[PDB]
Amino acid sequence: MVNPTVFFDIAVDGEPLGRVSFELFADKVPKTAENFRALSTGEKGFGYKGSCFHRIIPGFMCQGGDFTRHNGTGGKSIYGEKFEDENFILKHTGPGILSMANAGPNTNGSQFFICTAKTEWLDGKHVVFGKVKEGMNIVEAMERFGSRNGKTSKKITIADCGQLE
């Protein structure tokens, strides 16, 4: 086994900021990790390259992945528009946890969030499937452009993304 490493190169108003890399827990959350991996490479025909982080709430999390509507309403998985919660074995234990954003039970699509804090209230409601491997400083930097209701000061995009390992 070797878990995928995927990266996002973040751009703020078109100007590249830095890279955040993630290890995806494919050995424990295989279907959720494969969905994020294939959307990072774009091998199915659509994906994250170019999408923005539409919702950033400082001290909580940074959310993105809505590559169809760019506002929290769209996105689709490689499986169909929505797929089921695979399991809840992993918890939201601290900053850097990568988890599925959803609109209730069994509504996984392509949106995801990166916790910048331990968020125990999300356990059992959002499937954790990865963690930041390097670039946590870039995540902290992204936070400064968010607001209490999640709106961003600047246009935060995924300039490029793909799979390293």
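Numbering starts at 1 and runs along the sequence shown. For clarity, a rigid core is taken as the largest C-alpha set superposing within 1.5 Å between two forms.
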The stretch that moves more in 7 other deposited structures of this protein, judged by RMS C-alpha distance from this form after core superposition, 73-81 or 91-99, is 73-81
Entry B factor averaged over C-alpha atoms, 118-126 against 66-74: higher for 66-74
Stretch with higher mean Cα temperature factor, 105-113 vs 135-143, is 135-143
Among the modelled residues of its chain, the C-alpha B-factor of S21 falls in the third labelled lowest
Entry-reported C-alpha B-factor of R37 relative to its chain, by third, is lowest
Sorting the chain's modelled residues by C-alpha B-factor and splitting them into thirds places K44 in the highest
In terms of its chain's C-alpha B-factors, the third that includes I158 is the middle
Entry-reported C-alpha B-factor of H92 relative to its chain, by third, is lowest
